[PDB]
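Read off the chains here:
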Amino acid sequence: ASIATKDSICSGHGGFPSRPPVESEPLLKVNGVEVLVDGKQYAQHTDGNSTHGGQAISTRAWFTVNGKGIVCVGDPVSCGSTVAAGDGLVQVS
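Definitions and cut-offs
Residues numbered from 1 in each chain as written, not as in the entry; some residues may be left out. Heavy atoms only, no water. Core = buried A, V, L, I, M, F, W, Y, C linked by side-chain atoms within 4.5 Å. Buried < 20%, exposed > 50% of the residue type's maximum accessible area, 1.4 Å probe, protein only. Contact = heavy atoms within 4.5 Å. Pairing = 2+ DSSP bridges. Helix = DSSP H or I, 4+ residues; strand = E, 2+ residues; numbered from the N terminus. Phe/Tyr/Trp six-rings, centres within 6.5 Å; stacked < 30°, edge-to-face > 60°. Polar contact = N/O pair within 3.5 Å; in protein donor to acceptor, adjacent residues only side chain to side chain.

As recorded in the PDB entry, the protein goes by UpfC and comes from Escherichia phage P1.

Structure representation (structure tokens):
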């Protein structure tokens, strides 16, 4: 799974459009883009009826930096969306 960074836009869900994440970890930088970790929030999006946020949920909890699980491409979000893209430099399996 490709590593998801701070600029990795989301895939969106339902009537709520896509959005980028706003938080990251400075301790690890890949190609100058800091890494995305658990507990970090996506921007808000709305379907015109209600506003949804989003929190990443890692599926590779074995590998942690700063003691928190690392999020990659394909992991669902607390708002129902999913990771859409990642950097091909690093792959985790």
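What is the right way to look at the nonpolar core in this model?
Listed in full, the 9 residues of the largest apolar core are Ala 4, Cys 10, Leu 36, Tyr 42, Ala 56, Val 71, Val 77, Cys 79 and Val 83. Dropping the residues within four chain positions of it, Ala 4 is found in contact with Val 35, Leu 36, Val 71, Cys 72 and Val 83.

So what exactly am I meant to see when it comes to the pairing of strand β6 (residues 60-65) here?
Side-chain direction in a regular strand flips from residue to residue, so the side chains alternate between the two faces of the sheet. Two strands pair when backbone bridges link them, and β6 and strand β7 (residues 68-70) are joined in this way by 3 bridges, in the antiparallel orientation. Following the sheet pairing, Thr 64 is matched in β7 by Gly 69. The hairpin formed by β6 and β7 contains 2 residues between the paired strands, and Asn 66 there has a positive phi angle of roughly 60°.

Please clarify how the packing of aromatic side chains should be interpreted in this entry.
To describe a pair of aromatic rings, you give the distance between the ring centres and the angle between the ring planes. Evaluated as defined, the whole model comprises 1 aromatic pair. Taking the centre distance of 6.0 Å and the plane angle of 50° together, the rings of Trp 62 and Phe 63 count as tilted.

Help me out: how do you make sense of the pairing of strand β2 (residues 25-30) in this one?
As paired elements, β2 and strand β3 (residues 33-35) share 3 bridges and run antiparallel to each other. Residue pairing in the sheet places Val 30 in a bridge with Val 33 of β3. The antiparallel hairpin formed by β2 and β3 contains 2 residues in its connecting segment, where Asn 31 sits at a positive phi of about 55°.

Please explain the side chain of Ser 2 as it appears in this structure.
Here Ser 2 shows up in strand β1 (residues 2-3). A polar atom in the side chain of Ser 2 sits 2.6 Å from the side chain of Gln 91. Look past the residues within four positions of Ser 2 in its chain and what remains in contact with it is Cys 72, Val 73, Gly 86, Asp 87, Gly 88, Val 90 and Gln 91.

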